[PDB]
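Below: the structure, in structure tokens.
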Amino acid sequence: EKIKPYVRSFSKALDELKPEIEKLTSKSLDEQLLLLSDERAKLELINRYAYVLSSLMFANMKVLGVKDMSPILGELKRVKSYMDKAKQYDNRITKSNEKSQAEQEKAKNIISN
Amino acid sequence: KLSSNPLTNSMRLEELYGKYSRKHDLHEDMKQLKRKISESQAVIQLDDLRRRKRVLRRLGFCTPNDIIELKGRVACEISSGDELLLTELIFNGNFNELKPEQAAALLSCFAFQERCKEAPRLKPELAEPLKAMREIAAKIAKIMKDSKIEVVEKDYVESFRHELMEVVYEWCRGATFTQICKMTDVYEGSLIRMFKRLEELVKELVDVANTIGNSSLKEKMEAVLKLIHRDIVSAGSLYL
Amino acid sequence: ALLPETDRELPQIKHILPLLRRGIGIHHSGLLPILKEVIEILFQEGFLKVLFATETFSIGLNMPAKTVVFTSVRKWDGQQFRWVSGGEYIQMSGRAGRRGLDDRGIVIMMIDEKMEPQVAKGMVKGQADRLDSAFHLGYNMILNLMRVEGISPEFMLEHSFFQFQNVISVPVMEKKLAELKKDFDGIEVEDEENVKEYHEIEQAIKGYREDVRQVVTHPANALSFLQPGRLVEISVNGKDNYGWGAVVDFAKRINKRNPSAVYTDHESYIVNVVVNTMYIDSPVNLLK
Amino acid sequence: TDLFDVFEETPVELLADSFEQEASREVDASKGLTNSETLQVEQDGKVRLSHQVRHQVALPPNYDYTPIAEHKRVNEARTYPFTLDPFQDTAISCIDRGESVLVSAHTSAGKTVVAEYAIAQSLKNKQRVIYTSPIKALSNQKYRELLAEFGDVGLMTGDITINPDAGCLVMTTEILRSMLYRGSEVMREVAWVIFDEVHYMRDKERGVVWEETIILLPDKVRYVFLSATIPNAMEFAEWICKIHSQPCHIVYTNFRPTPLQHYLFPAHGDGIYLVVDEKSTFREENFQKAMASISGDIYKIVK
Amino acid sequence: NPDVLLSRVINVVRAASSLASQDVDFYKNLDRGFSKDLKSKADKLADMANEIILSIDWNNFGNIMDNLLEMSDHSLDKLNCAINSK
């Protein structure tokens, strides 16, 4: 009367997930990085698979319901950590384009000046 | 349910539960003693190996798939000192900005290990390549820290006793063996024994430069040899 | 004369000669490499009547004497100024006595401490030490082991003496493992399988009522009902059941000895209860 | 924002050849330092001294074994006019038969006699033999001790390498292990290697090498091991025989060649008392007198 | 696109918060059919994690996690040094 709704609502999540998995796990992880020459996009592709695997092993431990959730949780903070490095690097790159455009637009004003 | 359970205590079911319990207590200690065996025949030697194998994939010394590189082969050619750092110190080009007297002071930190007496603040053409090599060694200690290896940076860095730099630098400039022993309290044959270990590092640096095609290093190293292999270090024995 | 020119006037060479002219010798590694062997020559020529040596002349064979004299009961090995044990000392005893030259060997040790007899039985009459390998890992090893293709870095690990006692401990347990496999198979045959489905309910009785013991026991509760004389089931930590009791009083366990010890509100209040089931050999005189 | 707060947020909740062997000897009675005789004299004027010898072999799997106590050496690769004390006779017969062997004996017990049988044997097989000594000073010692014995002996060291093209080679473990990783051509002509000072594998720094080299050494070569009198030697024989699949004999003895006398000297005292005899029997009451003595001293001792 | 797919993963973890919401000892104590059903539902998670192992191909999970962030260590070392040398 209470768990009988959630079991459908839990299993419908994975059935909505598993054909996305078989497409995502279709090409091997070393193969798909070999398609992308972008090393910056490689850092997104690698950590995404670890974030998914950390998501379900935590959730399988939530299905197992062991009261000891400590070792599964700290590696998630590493998984939390290695996405933080990515964005701060990119903001340097994007604002580096903001810097070189600041001169070329200013210098060609001086050519008019 | 215990009321609606068939055989609640019927036909002495709790004694039969005791017959189930002692079966459970024997069958349950097996899987705890099997895992006492199953965790016994595990090789204890891969876990620190994989942390080391983590490191060798980092620095270009090998591939992620365990294939030896030239950097690994250069590390295979070095056995006198730190095969990690000397492979780093060569490939970073630190010996390019050195003289045959300058580099050997940087090599003196590697053929000598025992605790000795503190040198003063040294010459700026000596402390600077010492200042160059420490941050490289600080970088390696960072990755070994990253590989969860119990390494103190300072114990990684200041394991290298840099007090015999001034001896070898001047022994690379034609000095007397009498004069150079007065610059420390380290005993004389112990200084001879480390020069003859320092020969072995040149024997590597003669050979390591052959592996790459860096005779610019090697001819500079061969200048060090005659600045090493002379009056007292060149001697022979009496069993021979 | 075999040395070069300027080397023949080094002061360590100069001052070591007239001691040797007296037949007095010094042997340690801080001497020159040439000075190590030539003193061993004249010791093997016997013209050195006393040697003062470092500990590696233990290893130097083909040069024994008659008497080995110790001046030091203990030696700082870098980590401990320790009594020398037996198998250390027996190889330290292995130097005295020339074979066809001496009838006896004389071992003398200097001491200024009160040695207990089991120490002398443990040092002088001691046993040999265990050859147990100290295999570790090296970075130059790993790239060598990946280099030599037919062998692996795991291949050295297969035959390791560093893992040997954990290898030897397994045939001890496989004897015990084999027993219990048959010791189960006699009690494997259950006359009715429903006791297992009972067991999973019967342990659920001891499992799901186990939670309520952690729930009945709430720290700030069972309060405004602990007036004295009240009937109470007395079972400290669920393992020492003292039956039904009667409340005498309660009081706060205010710990002024170190206020940093903060009690849960079970522990912070101390209740006295009279129970009638305390065993006759219980130490009534020791509880506070 | 933060995606990782989904994990923080709340759920919406409602062995063979094992034996002990006897051997003995007799030694002249002497006072040493104590005022009377150290031990009881024989009626003949000696003092008789006995000692124990142990042997055991680690058997290979599927190996049909003939006991070496049943073996006879018809001809020696190396001559010895003296009396072969049968811990030496047992092991040279193993080297005569062609087997790996451990010798766990004292430094003066006679480990020199046994291992040198394997040297001329390869020379009587026209093969090359290798002696591994741990110390350079021992290497120069064992070169001089063996080159004067045969002459076809070479040296490789980190310091000085003379005659790599000799039939025998006094050299180190670290010469040898590196040549395994170098893949040296001398490793082709080897059927026999002597290991000196085998109990050095317990070193926290270098003891890795005496283990790592042996597993790198081939299953063909029968080995010679000179180790000290050690108690746990047979578990080592399991470690030898498993990894090479060739038989490994051990030779244990308690044999003490020169008879020793243990005296205790108090600092700034004179009473110098035998506390352990030649027969390893602790004098408890002389020791009591040694401690009851307690309420530059070298010059007292030497003169 | 990952913003499509990870948003599908977001719903799964939130529904994984929906399953580890309540206490299951009321219905699992009742029937093995309830007990086997989530035992049937847990068989997905053993099989779904095994698919990622084939992409790689409890103490095994530690051997998983260091290898995952490992070339992730390698990337940013190349990403900064592509700009540090620039």
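Protein chains in written order, with the deposited numbering: chain A, 5 to 117; chain B, 834 to 1073; chain C, 449 to 736; chain D, 4 to 17, 81 to 361, 392 to 399; chain E, 5 to 61, 78 to 106.
Quick reminder that beta carbons are idealized off the backbone N, C-alpha and C, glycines included.
- Chain order gives the chain D residues near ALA24/E as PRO14, where near means a beta carbon separation below 8 angstroms.
- The C-alpha of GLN193/D is placed about 47 angstroms away from the C-alpha of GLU457/C.
- Straight-line measurement puts the Cα of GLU488/C at about 7 angstroms from the Cα of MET511/C.
- Under the criterion of beta carbons closer than 8 angstroms, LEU922/B and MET966/B qualify as touching, at roughly 6 angstroms.
- Under the DSSP assignment, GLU240/D falls in the alpha helix (DSSP H) whose first and last residues are 239-248.
- Each of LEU859/B, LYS834/B, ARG890/B and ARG855/B was checked against the Cα of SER95/E, and the nearest Cα belongs to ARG890/B.
- At a C-beta separation below 7 angstroms, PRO839/B has no neighbours in chain E, since its nearest C-beta there lies roughly 15 angstroms away.
- Spanning the alpha carbons of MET621/C and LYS569/C requires a straight line of approximately 36 angstroms.
- For the set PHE302/D, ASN320/D, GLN187/D and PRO323/D, the Cα lying nearest the Cα of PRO313/D is the one of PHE302/D.
- Any Cβ of chain A closer than 8 angstroms to the Cβ of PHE10/D would place that residue at the interface, and such an atom is present.
- By the beta-carbon neighbour count (other beta carbons within 10 angstroms, threshold 16), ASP343/D is buried.
- At least 8 angstroms separates the beta-carbon of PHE331/D from that of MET563/C.
- In this structure, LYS904/B lies away from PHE928/B, with their beta-carbon atoms at least 8 angstroms apart.
- In this structure, the alpha-carbon of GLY851/B lies about 42 angstroms from that of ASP697/C.
- By the 16-neighbour rule on beta-carbons within 10 angstroms, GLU103/D is exposed.
- Between the alpha carbons of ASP729/C and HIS857/B lies a gap of roughly 35 angstroms.
- Here the region 450-464 of chain C makes no contact with the region 1052-1061 of chain B; the two share fewer than three CB pairs at distances below 8 angstroms.
- Leaving aside the five residues that flank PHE291/D on each side, the residues in its chain whose CB is nearer than 7 angstroms to its CB run, in chain order, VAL167, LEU168, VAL169, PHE261 and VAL264.
- Counting only the Cα atoms, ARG885/B lies some 35 angstroms from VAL9/D.
- Straight across, the Cα-Cα distance linking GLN105/A with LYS932/B is about 45 angstroms.
- In terms of CA proximity to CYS909/B, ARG248/D leads the group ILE134/D, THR239/D, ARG248/D and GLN207/D.
- Just measuring C-alpha positions, the residue of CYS942/B, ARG948/B, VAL1000/B and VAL1039/B sitting nearest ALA970/B is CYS942/B.
- Each of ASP83/D, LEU204/D, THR13/D and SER174/D was checked against the Cα of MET300/D, and the nearest Cα belongs to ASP83/D.
- Less than 8 angstroms separates the beta-carbon of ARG82/A from that of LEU89/E.
- Interface criterion met: the Cβ of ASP29/E is under 8 angstroms from a Cβ in chain C.
- A straight line joining the alpha-carbon of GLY545/C with that of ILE482/C spans about 27 angstroms.
- Within chain C, no C-beta atom comes less than 7 angstroms from the C-beta of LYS1015/B; the nearest is roughly 10 angstroms away.
- Around the C-beta of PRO601/C, 16 or more other C-beta atoms lie within 10 Å, and the residue is accordingly described as buried.
- The beta carbons of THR504/C and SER541/C sit no closer together than 8 angstroms.
- Assignment of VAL236/D by DSSP, reduced to helix, strand and coil, places it in the strand class.
- Counting every other CB atom within 10 Å of its CB across the protein chains shown gives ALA668/C a total below 16, marking it as exposed.
- For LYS978/B and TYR989/B, the gap between their C-alpha atoms comes out near 11 angstroms.
- Under the three-state reduction of DSSP output, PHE216/D falls in the coil class, being neither helix nor strand.
- Only those residues of the region 338-361 of chain D whose C-beta falls short of 9 angstroms from the nearest C-beta of chain C are listed: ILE338, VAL341, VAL342, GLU344, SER346, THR347, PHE348, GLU350, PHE353, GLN354, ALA356, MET357 and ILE360.
- For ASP262/D, no chain B residue has a C-beta closer than 8 angstroms to its own C-beta; the minimum C-beta separation is roughly 16 angstroms.
- Contact annotation: the region 515-530 of chain C does not touch the region 143-158 of chain D, with fewer than three C-beta pairs closer than 8 angstroms.
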